[PDB]
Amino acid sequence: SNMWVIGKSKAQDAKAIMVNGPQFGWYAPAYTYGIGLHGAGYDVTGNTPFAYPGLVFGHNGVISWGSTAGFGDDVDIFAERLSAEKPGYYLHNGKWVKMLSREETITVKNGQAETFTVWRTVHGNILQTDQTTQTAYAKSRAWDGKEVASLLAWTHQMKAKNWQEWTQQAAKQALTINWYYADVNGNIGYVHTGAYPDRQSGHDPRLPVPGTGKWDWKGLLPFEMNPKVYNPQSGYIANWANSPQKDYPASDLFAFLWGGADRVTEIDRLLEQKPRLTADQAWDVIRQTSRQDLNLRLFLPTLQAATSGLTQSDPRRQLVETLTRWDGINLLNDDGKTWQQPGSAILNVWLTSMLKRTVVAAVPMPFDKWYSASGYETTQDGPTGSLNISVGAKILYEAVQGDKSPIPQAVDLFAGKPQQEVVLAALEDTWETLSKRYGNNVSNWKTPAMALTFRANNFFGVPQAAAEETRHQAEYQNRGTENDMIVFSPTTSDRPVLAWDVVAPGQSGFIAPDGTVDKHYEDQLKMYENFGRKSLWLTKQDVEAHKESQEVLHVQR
């Protein structure tokens, strides 16, 4: 998920611009729901996942807001001490304490129901138990008890008219989520919201803690600790699932890292290219980042240094020359199937070879497979979400930075060989692999492009539509499931705000019993593909001027 907020000192022909691209994967019907709410203290417009009461993406004519996933470490696992003498109990603060338990029955269409028990301790629900070591692991979430408060904080924040009002609600949102603010005066802001534990001294948050009492959390950290900034001196706020702040720790997931190699740098490069950005320039960051190979910038210097003394006829050098001439933006050929340039395939083959020779070889099986992916993994239906730099690639990037990296190389991933030797060997593998498939004339290689699919199964893998309602787009784009843009105090209009979004395939998922799809079932699909957008209306006069239909209900509670 990405976001860029451009403040007064960086905006052209406006005081602030907010552009959000939340990445949830692509579904039919649409992941988000367009909605405007007017009355009872609200006056808002935007779109929101699963029609939640609170709009995650929207504005109220004074301020605008959005979100990207936070990925802070708000979850720790406690290793509970069990006893075979006392089934269902665990040791906590010197006493054997009874677990809470509940029975659940799964009813099954055309099958037999299954009953099972869920167990819970003071530290959270039990995930798994090892009968052999008499240990049960309990998952502790810092937001446990605050789920409903988080839903309501996301609703009440829609009425805020300033930073202080809005941060009062940000302090009540307990999930790990980056929240963003912009307003009519050109103020911009960011808070890495959520509840985070105040851990005992000595607690390494990447690994489980004993559950016997001494390692229990002290409580929750106060809102003053959450990373936040208001009107940064840079003039902008950019995020693509990267770290909020210097010295702030990421999620403990092994496949997740915040390091020198980060795709957010592609957004910084575009925001810093020119002194100021207009709304159209800010929106065009979506198209460019969507098509940007993320590995070229990271590895091209290493590839150029390794091939610098080779002869003109050496194929390992020619592969690198092909990359040097490229800006890493992928574009489809006219066939709608292949990419104009072969660089992503060259990078994928080379990186896959490099990871096999370096990080994978240093890690014991079966953990080595966590580090083998190049990031170009997908499927014929295309990527299920965003593309990123893989964990193995991020660790390889620190190795190839040598002493520029702050991470101690406790094991030399090159195993005592000169890095140039291994880089060149992966280039020889790459030429062999690709020239056998495509021939020796690189200029005619027509490598496969990734496509995009609006899946009829939701992100859980559960049908939310029939299979034939799946929708296909030829060009994979590494962008928001939806995109929305809010422009405050434009100089080209007298309106204090202008806003746009795209909710594809359309607003409606309704299909009548006879098969007749609704008039708004697919009317935003082509607009999504072509980087188009529709206007978000807020005022009564703008809504009325664009009205298609209306209903008046008369209801008593």
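Numbers for residues come from their place in the sequence shown, where the first is 1.
For the pair 481-489 and 300-308, the mean Cα B-factor is higher in 300-308.
The PDB entry reports B-factors from which the mean C-alpha value can be compared for 351-359 and 411-419; the larger average falls on 411-419. Comparing the listed residues 155, 374, 447, 433, the entry records the largest Cα B-factor for 433. The PDB entry gives the largest Cα B-factor of the residues 402, 260, 227, 342 to 402. In this PDB entry, the Cα temperature factor of residue 497 sits in the top third of its chain's modelled residues, the highest group. When the CA B factors of the chain's modelled residues are split into thirds, the value for residue 367 lands in the highest one. When the modelled residues of the chain are ordered by C-alpha B-factor, residue 62 sits in the middle third.
Per the deposited record, the Cα B-factor of residue 424 falls in the middle third when ranked against the other modelled residues of its chain. Residue 104 sits in the highest third of its chain by CA B factor, as recorded in the PDB entry.
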